[PDB]
Protein chains: 6
Amino acid sequence: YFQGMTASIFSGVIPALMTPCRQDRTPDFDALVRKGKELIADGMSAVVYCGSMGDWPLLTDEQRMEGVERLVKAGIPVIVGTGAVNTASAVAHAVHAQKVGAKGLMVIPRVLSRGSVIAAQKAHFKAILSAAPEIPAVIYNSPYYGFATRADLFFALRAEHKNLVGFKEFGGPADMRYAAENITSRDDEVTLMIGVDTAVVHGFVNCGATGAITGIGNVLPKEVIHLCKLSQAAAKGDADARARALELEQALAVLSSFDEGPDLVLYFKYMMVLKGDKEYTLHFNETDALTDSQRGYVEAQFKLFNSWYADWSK
Amino acid sequence: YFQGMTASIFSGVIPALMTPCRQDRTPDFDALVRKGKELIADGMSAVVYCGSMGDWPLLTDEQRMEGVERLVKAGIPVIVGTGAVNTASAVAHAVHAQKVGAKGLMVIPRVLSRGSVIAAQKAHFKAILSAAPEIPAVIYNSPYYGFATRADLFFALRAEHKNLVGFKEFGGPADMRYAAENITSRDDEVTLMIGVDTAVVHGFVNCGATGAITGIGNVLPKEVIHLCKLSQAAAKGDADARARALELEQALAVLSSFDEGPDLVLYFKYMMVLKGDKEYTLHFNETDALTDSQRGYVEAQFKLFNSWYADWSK
Amino acid sequence: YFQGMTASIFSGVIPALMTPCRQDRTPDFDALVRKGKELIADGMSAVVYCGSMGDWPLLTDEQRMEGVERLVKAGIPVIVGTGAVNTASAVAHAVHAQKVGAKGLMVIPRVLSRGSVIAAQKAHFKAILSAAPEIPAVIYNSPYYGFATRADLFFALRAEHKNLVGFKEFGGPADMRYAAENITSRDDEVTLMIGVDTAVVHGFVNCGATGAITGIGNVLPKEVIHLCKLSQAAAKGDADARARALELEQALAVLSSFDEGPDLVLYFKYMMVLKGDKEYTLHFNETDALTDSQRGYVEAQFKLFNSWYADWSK
Amino acid sequence: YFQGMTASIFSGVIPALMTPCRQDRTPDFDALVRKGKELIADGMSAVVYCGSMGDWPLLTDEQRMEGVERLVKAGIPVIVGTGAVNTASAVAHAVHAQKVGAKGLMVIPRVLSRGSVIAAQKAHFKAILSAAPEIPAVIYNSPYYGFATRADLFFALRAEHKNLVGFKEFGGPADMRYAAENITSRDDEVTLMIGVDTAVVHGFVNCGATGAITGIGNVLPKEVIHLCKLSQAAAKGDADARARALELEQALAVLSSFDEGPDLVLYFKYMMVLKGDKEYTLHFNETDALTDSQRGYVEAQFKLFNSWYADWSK
Amino acid sequence: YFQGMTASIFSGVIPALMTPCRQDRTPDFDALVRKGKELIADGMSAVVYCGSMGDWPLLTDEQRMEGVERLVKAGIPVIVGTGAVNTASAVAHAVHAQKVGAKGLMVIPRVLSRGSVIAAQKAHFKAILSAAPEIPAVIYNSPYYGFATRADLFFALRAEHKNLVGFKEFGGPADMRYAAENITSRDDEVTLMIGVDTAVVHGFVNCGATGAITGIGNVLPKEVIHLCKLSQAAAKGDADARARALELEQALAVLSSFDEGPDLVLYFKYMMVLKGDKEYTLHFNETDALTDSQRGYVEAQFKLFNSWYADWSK
Amino acid sequence: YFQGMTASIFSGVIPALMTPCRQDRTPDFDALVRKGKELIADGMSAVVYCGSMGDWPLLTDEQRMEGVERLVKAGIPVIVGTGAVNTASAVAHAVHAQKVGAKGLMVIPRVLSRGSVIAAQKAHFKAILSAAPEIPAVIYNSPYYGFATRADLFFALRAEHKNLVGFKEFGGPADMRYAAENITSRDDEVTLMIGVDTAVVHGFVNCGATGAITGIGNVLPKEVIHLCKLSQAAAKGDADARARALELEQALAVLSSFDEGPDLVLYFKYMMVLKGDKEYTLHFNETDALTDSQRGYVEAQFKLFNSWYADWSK
Ligand SMILES: [Mg+2]
Ligand SMILES: [Mg+2]
Ligand SMILES: [Mg+2]
Ligand SMILES: [Mg+2]
Ligand SMILES: [Mg+2]
Ligand SMILES: [Mg+2]
Ligand SMILES: [Mg+2]
Ligand SMILES: [Mg+2]
Ligand SMILES: [Mg+2]
Ligand SMILES: [Mg+2]
Ligand SMILES: [Mg+2]
Ligand SMILES: [Mg+2]
């Protein structure tokens with residue numbers, strides 16, 4: 001067992017953090033650290049930085065690494081996102097993760113060049129995995145990449161890279177089932193992570209997931225934790241917990257579905273604003289903004305969810 | 001605000017009326033008016049005539065306008081359907097609607113000629129909208145037409161046509177979400193209408209709809225109203241109402257699904273017959289009829305729904 | 001044999017005529033008759049009126065019948081299009097065709113109401129076929145209608161309706177193959193008609209077609225006739241004719257492809273204008289018009305085709 | 001009525017039996033008979049042998065017929081599966097079924113040669129049906145076969161073959177709806193059978209099914225029977241039964257979904273093993289086996305279902 | 001090199017033989033041998049027996065092996081088809097092939113049970129390959145099987161089975177390109193075989209194929225050989241040969257396309273009949289027959305091809 | 001007219017240059033400039049740098065700008081590619097293009113963040129266009145981006161950005177037709193560019209293209225120029241040129257098709273190597289390499305094309 005005696009960095013409820021943007025459009029790292037600390041205190045187990053929720057394409061590799069360092073310095077368990085323009089850059093994020101003392105590695109597929117090519121993905125994964133060989137790793141899988149990591153690739157990688165311990169799935173319930181049935185269900189150290197906000201109950205109950213990366217949990221941490229706890233109890237055969245998890249998931253479905261689309265950072269930042277956190281007002285691109293109707297729509301759905309939850313929870 | 005002080009013609013529960021057919025296959029307008037009056041008295045807010053439920057392709061433009069006049073004369077709030085073989089005919093339905101004192105306009109896409117062409121749809125909508133500029137209007141959207149009205153078109157039309165106040169969606173939950181997110185959720189006079197019998201809870205709860213056009217509500221008015229009232233309460237955050245709305249919707253799903261297919265008039269007329277309204281026995285085409293198995297199937301599903309509802313409702 | 005001793009109305013090259021529109025937007029029937037007479041004189045065998053090329057949805061049933069009468073009175077062999085808003089109207093076009101002395105009937109599927117329902121299409125076809133039992137008939141088949149007439153339906157109809165002698169196919173080469181293999185290749189009176197401008201060589205050579213309805217042949221009658229004659233010779237095993245037919249078809253492909261889309265009347269009218277026939281300038285809907293780029297594009301493709309043909313033909 | 005006074009062989013809950021495999025990889029018929037007897041005693045109404053659950057492709061026609069005979073000799077009502085490499089072999093299974101005294105016939109489409117050809121399927125069905133004209137028959141319908149039996153074929157067959165009394169559907173809820181609406185809902189002797197483990201509630205409640213063939217019911221007979229009884233009560237309008245049926249179906253969904261895929265025999269045998277029936281350890285092909293992860297996954301889902309059911313059921 | 005000094009059994013033009021059927025519907029092996037001898041004498045290099053062209057599903061394993069033996073005894077180089085109901089039966093065809101002295105092995109994917117499962121296909125291929133380890137082998141690839149052999153599988157098999165020397169592709173030009181680019185183009189003993197009648201020019205010219213299995217070449221051996229010789233010359237950069245190959249392929253396309261569909265044996269037998277070989281009149285299933293229209297269609301296309309070729313060839 | 005008196009930078013044949021990689025994996029700019037100079041001397045009109053052919057994702061923004069400067073300094077007309085990780089970076093490429101004296105701008109859609117969102121693409125295009133307002137610009141359109149620039153967007157941009165003069169299309173013949181019909185065929189300064197190696201004849205002849213960006217033209221400049229010259233002559237109605245262009249295009253089709261897939265840089269570099277230019281041996285990622293079979297396949301297709309062309313060209 002790679003992590004030995006310590007509880008896995010890939011278990012529990014883990015927010016993918018947004019990167020607060022100043023008026024000058026540079027990242028507010030004090031605010032990032034504060035939010036990170038707050039979310040751990042609410043019951044989250046770790047954070048992910050800097051992933052797509054954190055606006056990685058819009059920040060330099062150096063900005064991201066400064067962020068990671070600040071979060072790690074502050075005592076927050078960090079899983080480092082390695083999304084990058086090229087392999088060399090992904091690799092440098094992983095080197096830095098190990099150097100700085102991050103607790104985990106999120107290994108993202110190659111983009112922009114040969115993205116569909118399985119042999120190129122294998123070499124890219126291997127480059128990243130061997131760059132931080134002491135840091136436990138998950139592979140991120142998603143239909144977005146034009147490519148799917150299957151059992152044969154996963155285990156070929158794991159044969160050479162013992163730090164590969166998990167699989168994070170973004171795609172639908174069917175893709176999750178495939179991963180649970182064929183990759184993550186041996187009696188071993190390999191675990192499945194839920195990787196989209198809309199697949200919580202399916203992941204915990206039907207797929208034996210042990211952890212979940214959350215976008216909406218930045219905004220509704222207590223409520224998302226409550227869902228995961230119901231799901232976990234349901235996964236032990238608790239009938240009442242299963243029924244309650246399904247209702248809470250249904251109520252949370254609209255707001256969670258923003259995670260599935262291209263505007264997830266715009267939608268989740270604006271919800272942070274509605275919760276009163278005005279550091280989430282601006283975007284790194286000056287012209288990126290929800291429209292009037294989009295705003296109206298989130299406002300109504302956020303109001304409806306909080307009203308529902310207040311009623312349902314007692 | 002276009003309608004000013006009066007409650008919107010596009011709110012509440014609105015049946016699309018069927019046109020009763022005599023033995024000589026001409027329309028029974030006394031029966032249409034009687035049914036209209038009855039449905040308003042059951043709690044419906046307005047009616048639609050003459051739409052696809054009313055067999056518009058099978059009736060002359062003149063027959064339809066006689067119908068509209070009778071309904072309007074009788075005190076029933078009428079939303080006029082403008083479905084037509086060509087723009088000139090659609091336009092004449094709209095002129096007549098304004099002349100006669102109808103309360104609303106359902107603006108249907110061009111058919112048969114250039115149906116997929118967005119520029120032609122724009123000109124057609126504009127022709128209809130400006131034909132009845134004093135009558136509040138909704139655009140009907142449906143995958144049937146080979147074409148989708150998007151936010152950019154809707155608002156370009158609205159810039160020139162202030163009577164355009166609503167959007168009615170027939171397509172799936174995804175198409176409804178798009179309309180709610182991008183068209184109907186500004187803090188303005190623009191509202192979303194549910195436009196298929198199977199999308200009630202999603203429309204009210206998830207999409208902020210304010211009204212619903214109903215086919216099955218001709219047959220089960222009290223029960224469909226009950227669903228809409230549960231949904232409306234659910235949309236305010238009532239947990240118990242949400243759970244009850246989902247069960248009633250599930251129970252009503254088979255019968256409502258007849259609205260989605262090509263035989264909706266055959267299925268809904270025959271249900272009217274089973275409820276005891278024998279003016280709904282015949283069709284305008286002599287050869288149009290449910291088959292023996294189709295009849296058996298509606299009979300069993302109608303029996304099952306009424307039995308279920310009697311049990312569930314107390 | 002239904003037509004007995006006379007050559008089939010469904011053989012040869014047959015234009016679907018456009019309906020010239022006056023400044024007052026009413027049909028110019030003198031111009032329609034003149035064009036009809038001209039096209040027969042160029043080598044066409046018959047005409048179709050009033051089909052989708054003739055703007056049927058935009059004209060009243062009465063306007064169409066006046067047109068048909070004028071063409072028939074003038075000595076032009078006419079195949080009557082029965083496209084209509086309903087069965088009763090289709091039926092009245094067929095009654096009128098027989099009354100007036102038209103030579104053939106194009107039987108169009110039911111639209112707008114139950115269009116996908118095979119049983120309803122059967123009853124509609126039967127209604128039309130028995131309305132003009134003395135007039136030889138073809139069924140029009142197209143993916144547009146949401147429905148396909150298959151061998152079993154065709155032959156069930158033919159068992160009761162001996163005037164059904166042909167099958168006209170608009171869909172792709174695959175749909176044509178199905179019709180040739182399973183419907184039209186018995187040693188009988190049943191023939192296949194080419195029903196889209198882009199399928200000439202395939203229809204004659206690969207599918208044993210005996211006639212072709214043409215849109216672009218209104219504009220380029222000599223050149224389309226030349227293609228059909230090459231194809232006919234190719235269908236007898238002439239190697240040189242086959243090679244020449246393929247080159248002419250390739251050269252004609254862009255211009256012919258306008259037949260496949262929603263703007264065919266706009267594109268073919270404008271080509272008539274470019275050929276110098278200014279009676280084809282206007283459309284029945286005032287707002288229907290090719291855009292500036294569309295015009296530029298037809299102008300360039302028309303120039304290129306005529307230049308090519310002048311060079312290629314000697 | 002073909003079966004006259006006796007209750008239909010196609011009603012109730014009917015397992016498709018697996019064929020236990022010895023160490024020498026020959027079938028254990030004592031074990032098959034014992035399991036059959038046990039399942040009837042648990043409340044099952046009949047069995048199916050030898051279908052795809054019974055590994056038909058892996059056993060000789062003679063092995064299958066020995067099995068059928070043993071089950072019939074033991075007093076178990078048997079529906080004989082006629083899946084075969086060719087029509088002649090299918091026919092010999094049907095001759096043998098009638099000879100031996102089997103109570104029903106499952107008529108499987110032609111495979112391997114002309115599988116998509118409706119005319120060939122008709123002749124094949126007719127061959128099988130007339131081979132055992134005294135034995136009540138159902139046609140098996142499935143997207144697997146590249147082909148669908150529609151109402152017109154079903155009833156053309158039934159006109160000549162009065163022993164055809166039922167329709168078994170494997171495909172989705174939509175395919176079941178089509179069969180219920182158009183084939184099985186006349187007031188006649190014709191019934192619908194549920195033919196995939198995942199469509200129980202839909203089949204009984206929404207489609208008027210009267211019987212269900214089950215794979216998972218070999219393993220969880222009491223629990224599957226409990227679902228069918230809830231569904232049957234729900235189909236009479238019992239609101240409480242409907243709600244309970246939906247929860248039990250949801251809980252059973254993962255395990256039932258193994259029926260939908262290519263590994264159903266591997267998954268259901270291994271569950272039999274986990275229930276303690278070690279005669280289900282081996283497969284006819286030596287190399288056919290669940291992987292380590294697949295095993296882990298069934299183990300966890302089986303544990304979770306039993307835990308859930310123990311809690312939910314009181 | 002596995003075949004050492006001898007020319008590969010997988011090069012040249014190779015008919016998949018049909019099995020002539022007597023009046024008693026048993027195979028006519030004298031006629032099979034005679035046809036085989038004739039085709040070798042016309043320039044074919046080998047034959048395939050018993051594949052789908054030979055009606056394998058309709059014949060017992062023993063009938064097939066008798067056929068193979070007769071062909072081998074007569075001096076004809078035979079590639080044995082291993083299509084079968086199960087692995088054990090496929091394996092026995094391969095054992096028999098080696099025993100009897102067949103020159104090659106066509107390795108067909110598992111059907112009917114686990115057909116889509118790559119791991120099961122691997123084990124099946126391995127079973128067959130090791131059953132006849134002295135006989136050179138190709139793997140048959142086709143979209144029919146619900147499964148594709150990719151480079152990784154091919155080469156994993158080849159590492160353990162040195163008799164695997166070729167790849168036969170039935171699917172489209174794209175699937176052929178994949179095989180040429182990734183499997184068959186190393187400077188090694190591994191060759192690509194064309195495996196559908198419609199892909200000859202693409203296979204030889206664009207994909208570096210070295211041999212072709214032919215259905216229509218049973219009927220038109222000289223003409224198919226002529227195409228392959230043009231293609232082979234084209235593949236060496238001969239411009240004139242390339243242009244001629246494309247014309248002959250186009251002329252042969254309709255007749256060759258019968259190979260792509262479910263009726264290939266019906267279509268190719270009937271062509272054998274039209275060529276005057278009346279041993280090809282009947283089918284193993286009494287009810288399998290081309291319809292009247294299908295017959296008419298082949299008759300016309302066969303006439304047209306022979307007429308064309310007589311003209312084109314001088 | 002934006003470019004005034006000078007010939008458009010977007011006409012003629014324009015290679016997208018590859019970036020030669022040293023043993024230390026840094027770019028060889030001397031070699032890039034030399035190749036650029038050579039290609040202009042062979043008849044190319046301009047070059048594109050740094051696009052996807054130039055490995056843009058693998059090079060820093062600074063490396064790219066050094067390249068652009070070197071090419072511009074050397075007298076080569078350069079169209080600058082603006083593909084980038086974010087808008088700010090795209091913008092800096094455009095600022096630099098104008099500063100340095102590049103002759104044109106290739107405007108690439110936003111990637112990685114909001115790629116499918118049309119409103120975000122509009123703002124991105126506007127940012128780039130206004131960054132280099134003096135430099136003539138084309139928008140690159142491709143299905144890759146999850147998004148299509150349509151006529152309405154193009155012309156809305158052009159209303160504010162007079163330097164937008166062209167449209168470059170990568171997608172299929174259908175997407176090219178749409179652009180020719182609706183965007184580029186007004187009598188204005190707006191031109192269509194061919195943007196994939198496989199669409200040359202269609203672009204020039206059928207779509208009125210005036211220029212072509214080429215990948216394979218780096219390798220076969222004379223032969224690609226010869227195709228474009230035939231196509232240009234064909235576009236003036238030259239019959240002989242049209243026939244010759246089609247044969248040369250067919251011969252070049254395999255090699256050109258490498259442009260359509262993910263390995264285009266690997267395939268085109270290796271062809272440069274086969275032509276004897278060994279500066280194209282290595283890749284920026286050490287592990288990126290054609291496989292043995294891929295190499296074999298390009299070697300055979302390159303040999304076949306040169307042999308064919310030597311024969312065909314006299
Ligand atoms: Mg990456
Ligand atoms: Mg595990
Ligand atoms: Mg309309
Ligand atoms: Mg609004
Ligand atoms: Mg019609
Ligand atoms: Mg015929
Ligand atoms: Mg069978
Ligand atoms: Mg029945
Ligand atoms: Mg096999
Ligand atoms: Mg090789
Ligand atoms: Mg970009
Ligand atoms: Mg222009």
# chains A, B, ... in the order shown; residues from 1 in each chain; ligands from 1
>>> residues_near_ligand(ligand="ligand 11", cutoff="10 Å", atoms="only C-alpha atoms and all ligand atoms", output="PDB file with N, CA, C and O atoms, in the first residue's frame")
ATOM      1  N   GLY F  81      -0.267  32.741 -36.936  1.00  0.00           N
ATOM      2  CA  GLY F  81      -1.304  31.985 -36.242  1.00  0.00           C
ATOM      3  C   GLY F  81      -1.445  32.439 -34.804  1.00  0.00           C
ATOM      4  O   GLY F  81      -0.459  32.600 -34.082  1.00  0.00           O
ATOM      5  N   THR F  82      -2.686  32.637 -34.383  1.00  0.00           N
ATOM      6  CA  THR F  82      -2.976  33.161 -33.046  1.00  0.00           C
ATOM      7  C   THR F  82      -3.516  32.117 -32.088  1.00  0.00           C
ATOM      8  O   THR F  82      -4.090  32.501 -31.066  1.00  0.00           O
ATOM      9  N   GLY F  83      -3.438  30.831 -32.438  1.00  0.00           N
ATOM     10  CA  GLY F  83      -3.811  29.759 -31.506  1.00  0.00           C
ATOM     11  C   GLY F  83      -3.073  29.929 -30.197  1.00  0.00           C
ATOM     12  O   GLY F  83      -1.863  30.200 -30.207  1.00  0.00           O
ATOM     13  N   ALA F  84      -3.776  29.765 -29.070  1.00  0.00           N
ATOM     14  CA  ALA F  84      -3.198  30.101 -27.764  1.00  0.00           C
ATOM     15  C   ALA F  84      -3.984  29.481 -26.619  1.00  0.00           C
ATOM     16  O   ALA F  84      -5.123  29.030 -26.810  1.00  0.00           O
ATOM     17  N   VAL F  85      -3.382  29.462 -25.440  1.00  0.00           N
ATOM     18  CA  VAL F  85      -3.999  28.830 -24.259  1.00  0.00           C
ATOM     19  C   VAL F  85      -5.143  29.728 -23.743  1.00  0.00           C
ATOM     20  O   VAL F  85      -6.126  29.246 -23.159  1.00  0.00           O
ATOM     21  N   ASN F  86      -5.021  31.031 -24.004  1.00  0.00           N
ATOM     22  CA  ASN F  86      -6.032  32.023 -23.581  1.00  0.00           C
ATOM     23  C   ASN F  86      -6.089  33.226 -24.481  1.00  0.00           C
ATOM     24  O   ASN F  86      -5.219  33.415 -25.332  1.00  0.00           O
ATOM     25  N   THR F  87      -7.114  34.048 -24.278  1.00  0.00           N
ATOM     26  CA  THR F  87      -7.314  35.250 -25.081  1.00  0.00           C
ATOM     27  C   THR F  87      -6.142  36.206 -24.967  1.00  0.00           C
ATOM     28  O   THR F  87      -5.683  36.755 -25.990  1.00  0.00           O
ATOM     29  N   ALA F  88      -5.630  36.396 -23.753  1.00  0.00           N
ATOM     30  CA  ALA F  88      -4.530  37.375 -23.577  1.00  0.00           C
ATOM     31  C   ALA F  88      -3.328  36.972 -24.421  1.00  0.00           C
ATOM     32  O   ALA F  88      -2.718  37.795 -25.066  1.00  0.00           O
ATOM     33  N   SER F  89      -3.003  35.689 -24.419  1.00  0.00           N
ATOM     34  CA  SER F  89      -1.902  35.197 -25.221  1.00  0.00           C
ATOM     35  C   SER F  89      -2.152  35.304 -26.747  1.00  0.00           C
ATOM     36  O   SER F  89      -1.266  35.664 -27.508  1.00  0.00           O
ATOM     37  N   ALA F  90      -3.358  34.982 -27.185  1.00  0.00           N
ATOM     38  CA  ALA F  90      -3.739  35.168 -28.589  1.00  0.00           C
ATOM     39  C   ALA F  90      -3.542  36.615 -28.979  1.00  0.00           C
ATOM     40  O   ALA F  90      -2.987  36.931 -30.037  1.00  0.00           O
ATOM     41  N   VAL F  91      -4.004  37.500 -28.102  1.00  0.00           N
ATOM     42  CA  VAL F  91      -3.901  38.935 -28.318  1.00  0.00           C
ATOM     43  C   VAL F  91      -2.441  39.386 -28.456  1.00  0.00           C
ATOM     44  O   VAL F  91      -2.109  40.171 -29.350  1.00  0.00           O
ATOM     45  N   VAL F 107      -6.959  33.994 -37.327  1.00  0.00           N
ATOM     46  CA  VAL F 107      -7.645  34.179 -36.070  1.00  0.00           C
ATOM     47  C   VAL F 107      -8.272  32.855 -35.652  1.00  0.00           C
ATOM     48  O   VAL F 107      -9.242  32.386 -36.279  1.00  0.00           O
ATOM     49  N   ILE F 108      -7.717  32.266 -34.593  1.00  0.00           N
ATOM     50  CA  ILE F 108      -8.129  30.944 -34.102  1.00  0.00           C
ATOM     51  C   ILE F 108      -9.103  31.028 -32.941  1.00  0.00           C
ATOM     52  O   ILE F 108      -8.904  31.836 -32.047  1.00  0.00           O
ATOM     53  N   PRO F 109     -10.151  30.182 -32.925  1.00  0.00           N
ATOM     54  CA  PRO F 109     -11.080  30.172 -31.785  1.00  0.00           C
ATOM     55  C   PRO F 109     -10.470  29.915 -30.420  1.00  0.00           C
ATOM     56  O   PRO F 109      -9.430  29.289 -30.332  1.00  0.00           O
ATOM     57  N   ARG F 110     -11.114  30.456 -29.379  1.00  0.00           N
ATOM     58  CA  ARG F 110     -10.763  30.194 -27.988  1.00  0.00           C
ATOM     59  C   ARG F 110     -10.781  28.700 -27.706  1.00  0.00           C
ATOM     60  O   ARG F 110     -11.680  27.983 -28.156  1.00  0.00           O
ATOM     61  N   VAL F 111      -9.781  28.214 -26.978  1.00  0.00           N
ATOM     62  CA  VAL F 111      -9.780  26.803 -26.566  1.00  0.00           C
ATOM     63  C   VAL F 111      -9.728  26.659 -25.026  1.00  0.00           C
ATOM     64  O   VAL F 111      -9.394  27.616 -24.304  1.00  0.00           O
ATOM     65  N   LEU F 112     -10.126  25.480 -24.547  1.00  0.00           N
ATOM     66  CA  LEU F 112      -9.878  25.008 -23.169  1.00  0.00           C
ATOM     67  C   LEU F 112     -10.837  25.536 -22.123  1.00  0.00           C
ATOM     68  O   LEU F 112     -11.100  24.867 -21.118  1.00  0.00           O
ATOM     69  N   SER F 113     -11.380  26.709 -22.387  1.00  0.00           N
ATOM     70  CA  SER F 113     -12.258  27.403 -21.474  1.00  0.00           C
ATOM     71  C   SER F 113     -13.372  28.036 -22.290  1.00  0.00           C
ATOM     72  O   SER F 113     -13.122  28.933 -23.099  1.00  0.00           O
ATOM     73  N   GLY F 115     -15.070  26.834 -24.805  1.00  0.00           N
ATOM     74  CA  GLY F 115     -14.822  26.675 -26.236  1.00  0.00           C
ATOM     75  C   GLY F 115     -16.063  26.608 -27.110  1.00  0.00           C
ATOM     76  O   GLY F 115     -16.048  27.041 -28.276  1.00  0.00           O
ATOM     77  N   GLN F 121     -16.621  33.146 -27.961  1.00  0.00           N
ATOM     78  CA  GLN F 121     -15.878  33.202 -29.227  1.00  0.00           C
ATOM     79  C   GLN F 121     -15.946  34.586 -29.886  1.00  0.00           C
ATOM     80  O   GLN F 121     -14.925  35.127 -30.364  1.00  0.00           O
ATOM     81  N   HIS F 124     -13.596  36.915 -28.022  1.00  0.00           N
ATOM     82  CA  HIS F 124     -12.224  36.488 -28.306  1.00  0.00           C
ATOM     83  C   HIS F 124     -11.761  36.945 -29.687  1.00  0.00           C
ATOM     84  O   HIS F 124     -10.706  37.557 -29.819  1.00  0.00           O
ATOM     85  N   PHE F 125     -12.560  36.647 -30.714  1.00  0.00           N
ATOM     86  CA  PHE F 125     -12.300  37.146 -32.053  1.00  0.00           C
ATOM     87  C   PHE F 125     -12.129  38.650 -32.074  1.00  0.00           C
ATOM     88  O   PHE F 125     -11.206  39.173 -32.728  1.00  0.00           O
ATOM     89  N   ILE F 128      -8.802  39.779 -30.589  1.00  0.00           N
ATOM     90  CA  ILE F 128      -7.687  39.497 -31.498  1.00  0.00           C
ATOM     91  C   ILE F 128      -7.720  40.485 -32.670  1.00  0.00           C
ATOM     92  O   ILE F 128      -6.710  41.119 -32.997  1.00  0.00           O
ATOM     93  N   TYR F 145     -13.389  22.701 -32.765  1.00  0.00           N
ATOM     94  CA  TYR F 145     -13.530  23.724 -31.707  1.00  0.00           C
ATOM     95  C   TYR F 145     -14.833  23.586 -30.936  1.00  0.00           C
ATOM     96  O   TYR F 145     -15.046  24.294 -29.947  1.00  0.00           O
TER      97      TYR F 145
END
>>> select_by_dssp(residues="stretch 242-282 of chain D", states="helix (DSSP H, G or I)", output="number ranges by chain")
D: 242-260, 264-274, 278-280
>>> residues_around(residues="residue A:179", least_positions_apart="2", cutoff="9 Å", atoms="only C-alpha atoms", output="list in words")
residues 150, 151, 167, 169, 174, 175, 176, 177, 181, 182, 183, 184, 185, 192 and 207 of chain A
>>> atom_distance(atom1="atom CA of residue F:46", atom2="atom CA of residue F:215")
13.1 Å
>>> interface_residues(of="chain D", to="chain C", cutoff="12 Å", atoms="only C-alpha atoms", output="list in words")
residues 118, 119, 151, 152 and 153 of chain D
>>> residues_near_ligand(ligand="ligand 12", cutoff="6 Å", atoms="only C-alpha atoms and all ligand atoms", output="CSV table (one decimal) with N, CA and C atoms, in the first residue's frame")
chain,number,residue,atom,x,y,z
F,184,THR,N,-19.0,34.0,-48.2
F,184,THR,CA,-17.9,34.5,-49.0
F,184,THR,C,-18.3,34.9,-50.5
F,185,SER,N,-19.5,34.7,-50.9
F,185,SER,CA,-19.9,35.0,-52.3
F,185,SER,C,-20.5,36.3,-52.7
F,186,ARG,N,-20.6,37.3,-51.7
F,186,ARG,CA,-21.0,38.6,-52.1
F,186,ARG,C,-19.9,39.2,-53.0
F,187,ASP,N,-20.3,40.2,-53.8
F,187,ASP,CA,-19.3,40.9,-54.6
F,187,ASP,C,-18.5,41.9,-53.7
F,188,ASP,N,-17.7,41.4,-52.8
F,188,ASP,CA,-17.0,42.2,-51.9
F,188,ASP,C,-15.5,41.8,-51.7
F,189,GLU,N,-14.8,42.3,-50.7
F,189,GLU,CA,-13.4,41.9,-50.4
F,189,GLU,C,-13.3,40.6,-49.7
F,190,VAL,N,-14.4,39.9,-49.3
F,190,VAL,CA,-14.3,38.7,-48.5
F,190,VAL,C,-14.1,37.4,-49.3
F,191,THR,N,-13.0,36.7,-48.9
F,191,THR,CA,-12.7,35.5,-49.7
F,191,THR,C,-12.7,34.3,-48.8
